[PDB]
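Q: I have a structure here, written as structure tokens, and I will follow up with some questions on it.
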Amino acid sequence: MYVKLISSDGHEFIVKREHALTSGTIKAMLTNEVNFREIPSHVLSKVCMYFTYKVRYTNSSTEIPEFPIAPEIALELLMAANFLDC
Amino acid sequence: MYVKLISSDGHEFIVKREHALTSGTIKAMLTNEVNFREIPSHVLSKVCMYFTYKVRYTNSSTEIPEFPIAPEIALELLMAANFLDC
Amino acid sequence: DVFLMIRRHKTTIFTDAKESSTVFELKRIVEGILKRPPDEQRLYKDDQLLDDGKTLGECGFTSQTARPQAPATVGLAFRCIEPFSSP
Amino acid sequence: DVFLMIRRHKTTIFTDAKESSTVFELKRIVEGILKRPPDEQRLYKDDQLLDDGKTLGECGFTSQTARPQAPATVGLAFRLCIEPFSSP
Amino acid sequence: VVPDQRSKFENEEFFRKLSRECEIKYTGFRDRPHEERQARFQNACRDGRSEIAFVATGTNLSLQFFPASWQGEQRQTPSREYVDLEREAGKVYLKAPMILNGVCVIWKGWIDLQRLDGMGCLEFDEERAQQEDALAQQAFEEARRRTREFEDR
Amino acid sequence: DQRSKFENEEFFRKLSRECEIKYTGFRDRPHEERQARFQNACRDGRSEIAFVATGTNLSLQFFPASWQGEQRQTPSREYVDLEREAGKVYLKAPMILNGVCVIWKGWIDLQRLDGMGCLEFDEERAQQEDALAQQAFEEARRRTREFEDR
Amino acid sequence: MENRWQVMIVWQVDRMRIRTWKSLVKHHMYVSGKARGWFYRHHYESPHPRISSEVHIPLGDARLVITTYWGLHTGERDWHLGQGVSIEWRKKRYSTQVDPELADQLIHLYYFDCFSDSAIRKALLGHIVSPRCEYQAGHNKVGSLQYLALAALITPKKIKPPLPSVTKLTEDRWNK
Amino acid sequence: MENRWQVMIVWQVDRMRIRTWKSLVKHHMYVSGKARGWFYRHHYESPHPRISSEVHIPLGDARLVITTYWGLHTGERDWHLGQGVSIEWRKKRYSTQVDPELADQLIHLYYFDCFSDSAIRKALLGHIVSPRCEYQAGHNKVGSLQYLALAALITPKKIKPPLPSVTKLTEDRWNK
Amino acid sequence: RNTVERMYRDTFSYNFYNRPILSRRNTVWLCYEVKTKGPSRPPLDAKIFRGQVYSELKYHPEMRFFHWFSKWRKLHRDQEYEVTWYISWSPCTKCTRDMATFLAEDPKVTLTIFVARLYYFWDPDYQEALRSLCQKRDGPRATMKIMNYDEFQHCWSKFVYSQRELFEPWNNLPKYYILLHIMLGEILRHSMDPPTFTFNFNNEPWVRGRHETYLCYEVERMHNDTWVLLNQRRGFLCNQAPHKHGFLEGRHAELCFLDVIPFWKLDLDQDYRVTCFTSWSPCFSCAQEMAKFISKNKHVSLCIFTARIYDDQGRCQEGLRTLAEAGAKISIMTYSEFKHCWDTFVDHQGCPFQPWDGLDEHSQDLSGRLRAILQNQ
Amino acid sequence: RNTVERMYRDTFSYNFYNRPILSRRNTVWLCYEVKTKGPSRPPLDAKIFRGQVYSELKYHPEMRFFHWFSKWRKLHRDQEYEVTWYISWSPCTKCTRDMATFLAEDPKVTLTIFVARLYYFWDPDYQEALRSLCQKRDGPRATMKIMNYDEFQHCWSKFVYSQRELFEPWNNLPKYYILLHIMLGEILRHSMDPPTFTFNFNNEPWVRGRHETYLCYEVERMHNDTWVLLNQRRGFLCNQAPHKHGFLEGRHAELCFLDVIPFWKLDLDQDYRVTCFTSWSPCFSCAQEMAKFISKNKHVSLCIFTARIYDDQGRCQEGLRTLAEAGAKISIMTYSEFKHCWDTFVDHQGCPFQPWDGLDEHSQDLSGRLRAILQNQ
RNA sequence: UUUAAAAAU
RNA sequence: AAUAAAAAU
Ligand SMILES: [Zn+2]
Ligand SMILES: [Zn+2]
Ligand SMILES: [Zn+2]
Ligand SMILES: [Zn+2]
Ligand SMILES: [Zn+2]
Ligand SMILES: [Zn+2]
């Protein structure tokens, strides 16, 4: 019930299939393993965090918390989002 | 070296000759005892306070203190002042 | 419900769990992935070993500590707090 | 220097005194008017009898406490009645 | 569109209201005395020439009840709206047909006359859905899904 | 009269006391530059030099007499002299303050750029100055405007 | 007979908020072209004894009506919340109420400029991104990570005075 | 040949205080008639390289001259106090410097309206007193009981903007 | 700044111009004067406060004035004061409520307000607040009035940097004053004292000493085939005796009525009936203008009711017929109409109506005369 | 309200009137634009800031701009920014010093300030602050310039609520611009680039391409029968090429100089000597204008040191003769004068002066020619 | 003529 | 034409 993601640096995450369904690329791909050529470990963690947040508040329309971002990581986070169409 | 002042209400004060010399009435009158027909005891206290105040700060022209007064006492204090020609 | 992140040996897992759930349920959840008995597994928080009998409330952690954008970070051991990558 | 007011039996005296002046000097000062020996007379502050030997610094009162517009208030006794001022 | 309407009614939290028992209070004439407050409440309810306000404690939502004559013209009402006290000893029942975010809904409530407070709940409407204009329904349904993000060229 | 005024009134926010004074020219420049420019100003006499009491707002300004032009000969003529001492410079300045003629005498240590200054009564020019003007000023400073109107 | 009644969800605000809304709408309608085409009906152009002002935003073939009300029944004792606001959506004879958040969402779809399609690839290439989104009220929803990252990289313009958003108009500072 | 100098006492002040002094003097000279007769000589009307302005106040036969100065190095390291003020009192050729407080007292003796000789008479009669001392800085010395009592009885007028006073001009801010 | 001794001519002329509907006058100027209770004496204090209308409630001229006044009040604790305001804009709603609170707290101050324009005069909440602050005679009495030529001229005299000269009123000062007085009377629901009504409403054929014409008016609206009253629109007004500074030519009450009808912004698509009660019948010019207005505006109907028929030089018969051809019904008050006017437009204090001798006979005589006048042409 | 996206036409026409001496412009309007290094592209941000001159220092538009910029700069540390100011009044002394400090802290901000008018340009302390902010190259460059037709038009196109109307220059725009340009050149102590001096100042009998007159000046004052230099009065200026937007008939350097002289406010009771060094002799019209100016201003003596004689149609000889007769002393530049000009009015960077070929011979020949012209009549 | 009013500053 | 500038608001 979990999809395994391998960071380009050689780290491992696992995220529920429903969470990964939000990403078009992973949804099309899903085999139970995925390898990301360019996404670093921290960017994979951040996109997993985005999945977590969106799933938590996908349907709620009241008092949506903030999603912290940092300028230094924003560029590659946007690159990863584009690649994943998230 | 001390002049005696009698409050009309039945109270006694004393103040040095020089301090009283600031007042025209007492200066002309002075005998070592003075009786005032109308000045209440509190007004006598205030006028003695003024005497000591000015004797302390007559010469100094630097950082002079404020001399407290209250509106409710103002009329009687003014009457005493005009009577005493201070 | 609160989200949690468990990292160990450069392996990471993300999950959601109830507030009152005890550490035994946490070990049960991670068992379905790591396929080992809950008994030997021991958790860690701030590099402090968590005994077999533990609960969220007793630990002092609250729903505010674990958030979707800021889950509680707890290590794991079997019978190393690896930092995340950098730019 | 500081200015002081002493009230006893509806008799009051206005005079100045040095900061370090001890109560003995104060009794000497009041002697010239009250014609009584210093020894038996006893002073008072906030309804608290003052020993025969007392000094300003030990008492804690300072030049800030006593002003020409608000001299230190002290009672007196012979061998106590804090009579307030009259009213409008 | 009826199945989609039902699905959204059941699953999507659309307003501050959570489609559950919500306490409400009468807001009219608060500074006036309690007896006067309820006397005017009943007099307006009987006469029907005044507007009636109810506020939910936990939110800023209000239900403001306007006489139908105030609006410019009479509107066709396939359902019936009512506000009466007779059904109970001292309880007034309120029925309010509405259209919330494109889904037709019935807001039901009751208020105790003595305490000038009560509760309200929200229920799906099925009969009127077919009555409503399917053109407007589908156009609204399409419009509430589109996103301005990257929409244009 | 003048002597009694000077001794009594402690007039003009200065009590004729040996007071701290310091040179303030070019506080931003480094110490050596400050001293060099102070020495040049003292010798050449084409610039201005100011001596300020340490803990107050008063300051004595020396401006070249050329700037104001219209020179007036002054008895006990002011001077800024370095001849008296190798390490010190002496300053003497006649003045008139609140109707009494005075002298200000001070000294500055060129090494520390500070020192002491004091005020001294002047007996000579007091009788020389116009009687009418000083009498008028004395009258003016005695009056009070209160209740003076008709 | 039984009385005929009409019911409406009347948001509740203080008078100052309504006056600020009115001012902002007027300014952005006349002085600035950002709200041109909006219609502002004065208090004397409605027979309703309680309507204070109607603002009509033509959403293409549809319409969005924001109505303020005077002398409402709330009659709050402090008087701090005596007036009110309401939002509605019109198309011919259809009529429905809308969320304040959904109301601005629908507003931003047409009028205020937002990030164009090419803004994703511009960030990839590093090319200057333009035009930028100036109406954050139109994206209160949980947007895609692409949009959020783009917004973080390049911050929105903060026009002065602020653009009119129903969300700001209809909120409860009192209880919060 | 020994060098010659002129010696003046210069109360150091900051720019804003001198600016305000100038503004108030001009206002009360032109806008209001209270300071009618004062002369204000600009910066270009004096050969002195350092002067910045001059305010001449005709005190009967005599005159009072408030001067301000530019570009003095005397000012503090922070350069807050780069400017300075000075007061002289001139009568034909005779001259003498004046204390700021004595300057204010002398000023009040001529220009601003003060309590009339019948002020006390009317005060003890209970009738109105017209006019009243509008200039408090001119009575810096502690005076006769008459004044303290009368002032305590009737509050002085507060002119807006405040009347110009040297004592306020030369007040020491930081070295309180 | 915030306080100023006076103000320049430019600002005075720009801000105190009293057109009922002005934009761009975003500042409020409050010229205040304080006097001791009773006999006239020079004000103990007088200045001006400024404030933006959009600034926080604490910075409004009224709130600033009262914040200053509270502290100023603790010098003579036992004195009672009169306060007079001259304000370009009427106080806001919040300022009105807070002034009511402050005045209730301290019953030892009298407050009089003079206002150039009426800020948001069409706001129901503002009308309620003004009624609370000013209507009560038992409660806090805070008088409010409109500024006329005299008030503006006094403000010029004592609150302007006007190098000694004369005040030149702008174009339409009296028209704007009468419009604002009518509007304010409607808002506060003024009412005639019984003596004026008694001495002016009588139907006796022969009268003496009544040369000023009164009028009362009330609007009504069609809805559901029924007449529904508008408690908003009710009030009475009279004619202006010619005066130098007012309309040089006397302004008739009917003319003021006509000038004010447009202001209510009566909707064209609806139908209104305006019921007017007059002590004297309309004069020739008044009737002509009324008929012209009625003809131009086809969405309004008029209903005039006259107490004493006025026929001085015979010109009135033509005017009555023009009114009739216009479409304005005309009648005479019977007992019922007199009593209705008494109970709707008088401060009767609950007292009953007291008809005078021979009311019915004189009313019937007037009805016969009017019928004879109208039937024939 | 402090920030505005645009200002209205009245505001622009009232606040940016560039007369050197304007009162009642109590507000400082600061339009600004922020750009990045690289190809020209639309500004990242562009708005306006407001503030009185007498408000607290923290509210002046310059401090507000820098407070906003500090936070707005967090996003991209690596980025290096260009700032352009269009400010009605030039910054104050305290603001000038704090701006110097701010730019000192951040070496990645290049600031240009376009001023309509110069504020307190006669204050020595302000002059020192301006020199520290601008003249000193060790501190980060903060360029300052006066606004011309181009800058006013750019503002009117981007910082005003214009409805596609066209910019309408006021009466004396170019005159005031040139006065302010000369004053700012005086205060900032600009110097001639060596190439311009070498090309324009050669005294060779025959030359080609030089159609512009350069005029350096310096004033001196009588004190104790001695000439004391006024270091504040020292600079140079060139002629204005004719332009449709500026002067239709471009002004000669002499006319600009005579227009500036009245703004030095030279004292009437003293005596001044004004020395001018030129590359060309005055023309006929310039000669008459200078002669009239000297005749009317008896407290000014004029000395001219020319490099070459400009003769055309024979009127130049008459012009020189009348100029000499008016009182002015005309002579020719020799080696000493050339070296003095080089060391005074040129940015020599410590380098020495290199006399050119035939300098002495040409100087002697021109001296003989001038003697003949001035003596023959 | 017009301003329903922070439509500006 | 004049404003040396908080002489204004
Ligand atoms: Zn957008
Ligand atoms: Zn006085
Ligand atoms: Zn208000
Ligand atoms: Zn008539
Ligand atoms: Zn500044
Ligand atoms: Zn020429």
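Identifiers in the structure tokens: chain A, B, ... in order shown; residue index from 1 per chain; ligand index from 1 in order shown.
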Please find the residues of chain I near chain L - the criterion being any atom within 12 Å, counting only C-alpha atoms (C1' of nucleotides) - and write them as a VMD selection string.

A: chain I and resid 1 to 12 14 to 15 27 to 29 48 to 51 160 to 161

Q: Export N, CA and C atoms of the chosen residues as a PDB file, in the first residue's frame?

A:
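Contents of part_14.pdb, freshly written:
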ATOM      1  N   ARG I   1      -0.282  69.516  11.865  1.00  0.00           N
ATOM      2  CA  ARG I   1      -0.750  69.681  13.235  1.00  0.00           C
ATOM      3  C   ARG I   1      -2.209  69.274  13.355  1.00  0.00           C
ATOM      4  N   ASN I   2      -2.806  69.571  14.507  1.00  0.00           N
ATOM      5  CA  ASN I   2      -4.212  69.283  14.757  1.00  0.00           C
ATOM      6  C   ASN I   2      -4.980  70.502  15.238  1.00  0.00           C
ATOM      7  N   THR I   3      -4.359  71.362  16.038  1.00  0.00           N
ATOM      8  CA  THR I   3      -4.998  72.568  16.540  1.00  0.00           C
ATOM      9  C   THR I   3      -4.445  73.791  15.819  1.00  0.00           C
ATOM     10  N   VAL I   4      -5.323  74.754  15.551  1.00  0.00           N
ATOM     11  CA  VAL I   4      -4.934  75.978  14.860  1.00  0.00           C
ATOM     12  C   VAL I   4      -5.788  77.117  15.386  1.00  0.00           C
ATOM     13  N   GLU I   5      -5.164  78.282  15.564  1.00  0.00           N
ATOM     14  CA  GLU I   5      -5.897  79.443  16.053  1.00  0.00           C
ATOM     15  C   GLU I   5      -6.964  79.883  15.060  1.00  0.00           C
ATOM     16  N   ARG I   6      -6.629  79.907  13.773  1.00  0.00           N
ATOM     17  CA  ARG I   6      -7.568  80.290  12.732  1.00  0.00           C
ATOM     18  C   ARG I   6      -7.241  79.485  11.481  1.00  0.00           C
ATOM     19  N   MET I   7      -7.885  79.833  10.369  1.00  0.00           N
ATOM     20  CA  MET I   7      -7.639  79.168   9.100  1.00  0.00           C
ATOM     21  C   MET I   7      -7.670  80.189   7.974  1.00  0.00           C
ATOM     22  N   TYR I   8      -6.986  79.856   6.884  1.00  0.00           N
ATOM     23  CA  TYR I   8      -6.890  80.754   5.746  1.00  0.00           C
ATOM     24  C   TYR I   8      -8.213  80.811   4.989  1.00  0.00           C
ATOM     25  N   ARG I   9      -8.360  81.860   4.178  1.00  0.00           N
ATOM     26  CA  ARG I   9      -9.598  82.050   3.429  1.00  0.00           C
ATOM     27  C   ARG I   9      -9.844  80.901   2.462  1.00  0.00           C
ATOM     28  N   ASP I  10      -8.788  80.417   1.812  1.00  0.00           N
ATOM     29  CA  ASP I  10      -8.952  79.388   0.792  1.00  0.00           C
ATOM     30  C   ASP I  10      -9.600  78.140   1.374  1.00  0.00           C
ATOM     31  N   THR I  11      -9.077  77.661   2.503  1.00  0.00           N
ATOM     32  CA  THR I  11      -9.612  76.450   3.115  1.00  0.00           C
ATOM     33  C   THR I  11     -11.037  76.664   3.609  1.00  0.00           C
ATOM     34  N   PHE I  12     -11.310  77.820   4.213  1.00  0.00           N
ATOM     35  CA  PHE I  12     -12.663  78.112   4.672  1.00  0.00           C
ATOM     36  C   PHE I  12     -13.652  78.047   3.519  1.00  0.00           C
ATOM     37  N   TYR I  14     -13.312  76.562   0.670  1.00  0.00           N
ATOM     38  CA  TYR I  14     -13.369  75.245   0.050  1.00  0.00           C
ATOM     39  C   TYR I  14     -14.147  74.239   0.882  1.00  0.00           C
ATOM     40  N   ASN I  15     -14.128  74.368   2.207  1.00  0.00           N
ATOM     41  CA  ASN I  15     -14.687  73.342   3.079  1.00  0.00           C
ATOM     42  C   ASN I  15     -16.079  73.663   3.600  1.00  0.00           C
ATOM     43  N   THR I  27     -11.726  66.472   4.861  1.00  0.00           N
ATOM     44  CA  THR I  27     -11.282  66.943   6.163  1.00  0.00           C
ATOM     45  C   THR I  27     -12.462  67.535   6.918  1.00  0.00           C
ATOM     46  N   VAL I  28     -12.444  67.370   8.236  1.00  0.00           N
ATOM     47  CA  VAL I  28     -13.456  67.916   9.126  1.00  0.00           C
ATOM     48  C   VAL I  28     -12.780  68.976   9.975  1.00  0.00           C
ATOM     49  N   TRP I  29     -13.341  70.182   9.952  1.00  0.00           N
ATOM     50  CA  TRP I  29     -12.869  71.312  10.739  1.00  0.00           C
ATOM     51  C   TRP I  29     -13.907  71.607  11.811  1.00  0.00           C
ATOM     52  N   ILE I  48      -9.676  75.406  16.888  1.00  0.00           N
ATOM     53  CA  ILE I  48     -10.140  74.586  15.779  1.00  0.00           C
ATOM     54  C   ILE I  48      -9.411  73.254  15.823  1.00  0.00           C
ATOM     55  N   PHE I  49     -10.149  72.174  15.603  1.00  0.00           N
ATOM     56  CA  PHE I  49      -9.586  70.838  15.486  1.00  0.00           C
ATOM     57  C   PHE I  49      -9.769  70.333  14.062  1.00  0.00           C
ATOM     58  N   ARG I  50      -8.771  69.612  13.566  1.00  0.00           N
ATOM     59  CA  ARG I  50      -8.812  69.024  12.237  1.00  0.00           C
ATOM     60  C   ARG I  50      -8.892  67.511  12.347  1.00  0.00           C
ATOM     61  N   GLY I  51      -9.500  66.890  11.343  1.00  0.00           N
ATOM     62  CA  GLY I  51      -9.462  65.440  11.286  1.00  0.00           C
ATOM     63  C   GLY I  51      -9.959  64.838   9.991  1.00  0.00           C
ATOM     64  N   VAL I 160     -11.093  82.916  10.969  1.00  0.00           N
ATOM     65  CA  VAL I 160     -10.463  82.966   9.655  1.00  0.00           C
ATOM     66  C   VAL I 160      -9.343  83.996   9.672  1.00  0.00           C
ATOM     67  N   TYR I 161      -8.298  83.729   8.885  1.00  0.00           N
ATOM     68  CA  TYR I 161      -7.225  84.699   8.660  1.00  0.00           C
ATOM     69  C   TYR I 161      -7.627  85.670   7.551  1.00  0.00           C
TER      70      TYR I 161
END

Q: Using only C-alpha atoms, I'd like every residue of chain F that has an atom within 8 Å of chain H; please write them out as a ChimeraX atom specification.

A: /F:12-13,24-28,45,49-50,55-68,78-79,93-99,129-130,133,140-141,143-150

Q: Those same residues, written as a compact mmCIF listing (two decimals), in the first residue's frame with N, CA and C atoms?

A:
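So selection.txt came out as:
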# COMPACT_ATOMS: atom_id res chain seq x y z
N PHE F 12 24.12 83.66 35.41
CA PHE F 12 24.41 83.27 34.03
C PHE F 12 24.78 81.80 33.89
N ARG F 13 24.34 80.94 34.81
CA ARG F 13 24.56 79.50 34.74
C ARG F 13 26.03 79.13 34.89
N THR F 24 36.88 70.98 20.93
CA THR F 24 35.99 70.08 20.22
C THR F 24 36.16 70.12 18.70
N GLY F 25 37.11 70.89 18.19
CA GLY F 25 37.28 70.97 16.75
C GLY F 25 37.64 69.65 16.11
N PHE F 26 36.83 69.21 15.15
CA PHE F 26 37.11 68.02 14.35
C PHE F 26 37.12 66.75 15.20
N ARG F 27 36.03 66.53 15.94
CA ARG F 27 35.93 65.32 16.74
C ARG F 27 36.02 64.06 15.89
N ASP F 28 35.65 64.15 14.61
CA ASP F 28 35.65 62.97 13.76
C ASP F 28 37.06 62.58 13.33
N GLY F 45 45.70 81.98 13.27
CA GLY F 45 44.66 82.93 13.61
C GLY F 45 43.71 83.25 12.48
N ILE F 49 38.06 78.51 16.88
CA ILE F 49 38.35 77.49 17.89
C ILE F 49 37.34 77.61 19.02
N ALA F 50 36.81 76.47 19.46
CA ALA F 50 35.75 76.44 20.46
C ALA F 50 36.18 75.63 21.67
N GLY F 55 30.29 69.13 31.08
CA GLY F 55 28.98 68.62 31.46
C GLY F 55 27.81 69.55 31.22
N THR F 56 27.96 70.57 30.37
CA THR F 56 26.91 71.55 30.16
C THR F 56 26.78 71.81 28.67
N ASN F 57 26.03 72.85 28.32
CA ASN F 57 25.80 73.23 26.94
C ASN F 57 26.54 74.49 26.52
N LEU F 58 27.03 75.28 27.47
CA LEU F 58 27.75 76.50 27.15
C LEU F 58 29.06 76.18 26.44
N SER F 59 29.47 77.09 25.57
CA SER F 59 30.74 76.97 24.87
C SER F 59 31.23 78.36 24.51
N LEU F 60 32.54 78.54 24.54
CA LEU F 60 33.18 79.80 24.20
C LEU F 60 33.79 79.66 22.81
N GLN F 61 33.39 80.55 21.90
CA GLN F 61 33.83 80.51 20.52
C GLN F 61 34.81 81.66 20.27
N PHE F 62 35.94 81.34 19.66
CA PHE F 62 36.91 82.33 19.20
C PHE F 62 36.83 82.35 17.68
N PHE F 63 36.34 83.47 17.14
CA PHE F 63 36.29 83.77 15.73
C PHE F 63 37.35 84.81 15.39
N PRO F 64 38.04 84.69 14.26
CA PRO F 64 38.97 85.75 13.86
C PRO F 64 38.26 87.09 13.81
N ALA F 65 38.91 88.12 14.35
CA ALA F 65 38.30 89.44 14.36
C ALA F 65 38.04 89.97 12.96
N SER F 66 38.73 89.42 11.96
CA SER F 66 38.50 89.85 10.58
C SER F 66 37.08 89.51 10.12
N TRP F 67 36.60 88.32 10.46
CA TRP F 67 35.30 87.86 9.96
C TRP F 67 34.21 88.88 10.24
N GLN F 68 34.08 89.29 11.50
CA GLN F 68 33.11 90.31 11.86
C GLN F 68 33.58 91.70 11.46
N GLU F 78 42.16 90.16 24.40
CA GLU F 78 42.15 88.72 24.39
C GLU F 78 43.42 88.18 23.78
N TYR F 79 43.82 87.00 24.21
CA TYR F 79 45.01 86.37 23.65
C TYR F 79 44.92 84.85 23.79
N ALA F 93 40.17 86.06 27.71
CA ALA F 93 39.08 86.63 26.91
C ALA F 93 38.25 87.57 27.78
N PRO F 94 38.32 88.88 27.53
CA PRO F 94 37.37 89.79 28.19
C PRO F 94 35.96 89.60 27.63
N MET F 95 34.96 89.86 28.47
CA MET F 95 33.57 89.72 28.07
C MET F 95 32.71 90.62 28.94
N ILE F 96 31.46 90.79 28.53
CA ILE F 96 30.44 91.44 29.34
C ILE F 96 29.25 90.51 29.42
N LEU F 97 28.87 90.12 30.64
CA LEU F 97 27.80 89.16 30.86
C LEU F 97 26.78 89.78 31.81
N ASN F 98 25.53 89.84 31.38
CA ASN F 98 24.43 90.29 32.22
C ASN F 98 24.78 91.58 32.96
N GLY F 99 25.43 92.50 32.25
CA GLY F 99 25.69 93.82 32.78
C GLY F 99 26.93 93.97 33.63
N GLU F 129 33.36 101.89 30.75
CA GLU F 129 32.17 101.73 29.92
C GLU F 129 31.16 102.83 30.22
N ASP F 130 30.29 103.09 29.24
CA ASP F 130 29.30 104.14 29.37
C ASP F 130 28.42 103.90 30.59
N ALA F 133 24.47 103.31 29.48
CA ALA F 133 24.05 102.01 28.97
C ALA F 133 23.95 100.99 30.09
N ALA F 140 16.58 97.70 33.43
CA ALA F 140 15.78 96.75 32.67
C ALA F 140 15.73 95.39 33.36
N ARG F 141 16.87 94.93 33.88
CA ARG F 141 16.90 93.61 34.51
C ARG F 141 16.25 93.60 35.88
N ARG F 143 13.19 95.23 36.56
CA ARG F 143 11.74 95.30 36.45
C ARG F 143 11.14 93.93 36.16
N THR F 144 9.86 93.81 36.48
CA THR F 144 9.04 92.67 36.10
C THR F 144 7.78 93.18 35.41
N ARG F 145 7.37 92.55 34.33
CA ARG F 145 6.22 93.01 33.58
C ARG F 145 4.90 92.79 34.26
N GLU F 146 4.89 92.10 35.39
CA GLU F 146 3.61 91.69 35.93
C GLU F 146 2.89 92.85 36.61
N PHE F 147 1.62 93.01 36.28
CA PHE F 147 0.78 94.09 36.81
C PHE F 147 1.30 95.47 36.43
N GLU F 148 2.25 95.52 35.50
CA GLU F 148 2.85 96.78 35.10
C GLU F 148 1.93 97.57 34.20
N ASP F 149 1.10 96.88 33.44
CA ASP F 149 0.20 97.53 32.50
C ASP F 149 -0.83 98.37 33.25
N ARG F 150 -1.39 99.35 32.54
CA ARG F 150 -2.39 100.27 33.09
C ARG F 150 -3.76 99.84 32.57

Q: I'd like the interatomic distance between CA of residue 245 in chain I and CA of residue 191 in chain I, to a tenth of an Å.

A: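 Atom-to-atom, CA of residue 245 in chain I and CA of residue 191 in chain I are spaced 26.4 Å apart.
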
Q: Select from chain J every residue with an atom at most 6 Å from any atom of ligand 5, then for each give the shortest pair of atoms and their distance in Å to one decimal, using only C-alpha atoms and all ligand atoms, rows by chain and rising number, as a tab-separated table.

A:
residue	atom	partner	partner_atom_place_in_ligand_line	distance
J:60	CA	ligand 5	1 (Zn)	5.1
J:91	CA	ligand 5	1 (Zn)	4.9
J:92	CA	ligand 5	1 (Zn)	4.0
J:95	CA	ligand 5	1 (Zn)	4.7

Q: Pull N, CA and C atoms from the residues just selected and write them as a compact mmCIF listing (two decimals), in the first residue's frame.

A:
# COMPACT_ATOMS: atom_id res chain seq x y z
N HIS J 60 10.51 60.66 6.70
CA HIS J 60 10.89 61.28 5.44
C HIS J 60 10.90 60.22 4.34
N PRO J 91 17.22 65.61 -0.89
CA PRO J 91 17.22 65.11 0.49
C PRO J 91 17.78 66.11 1.48
N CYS J 92 17.41 65.96 2.76
CA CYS J 92 17.89 66.84 3.80
C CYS J 92 19.29 66.41 4.26
N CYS J 95 19.05 63.09 6.31
CA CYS J 95 18.75 62.05 5.33
C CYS J 95 19.96 61.79 4.44

Q: CA of residue 3 in chain B and CA of residue 15 in chain B, how far apart in Å?

A: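 Pair CA of residue 15 in chain B / CA of residue 3 in chain B returns 5.4 Å.
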
Q: Please, what distance in Å, to one decimal, runs between CA of residue 84 in chain B and CA of residue 48 in chain B?

A: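 Here the two named atoms are 11.7 Å from each other.
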
Q: Per residue of chain C within 6 Å of chain A, which atom pair is closest and at what distance in Å (one decimal), using only C-alpha atoms, listed by chain and increasing number, as JSON lines?

A:
{"residue": "C:10", "atom": "CA", "partner": "A:11", "partner_atom": "CA", "distance": 5.7}
{"residue": "C:11", "atom": "CA", "partner": "A:12", "partner_atom": "CA", "distance": 4.8}
{"residue": "C:12", "atom": "CA", "partner": "A:13", "partner_atom": "CA", "distance": 4.7}
{"residue": "C:13", "atom": "CA", "partner": "A:14", "partner_atom": "CA", "distance": 5.3}
{"residue": "C:68", "atom": "CA", "partner": "A:53", "partner_atom": "CA", "distance": 5.2}
{"residue": "C:84", "atom": "CA", "partner": "A:42", "partner_atom": "CA", "distance": 5.9}
{"residue": "C:85", "atom": "CA", "partner": "A:42", "partner_atom": "CA", "distance": 5.3}

Q: As a ChimeraX atom specification, please: every residue in range 6-75 of chain A that DSSP puts in strand (DSSP E or B).

A: /A:6,12-16,33-35
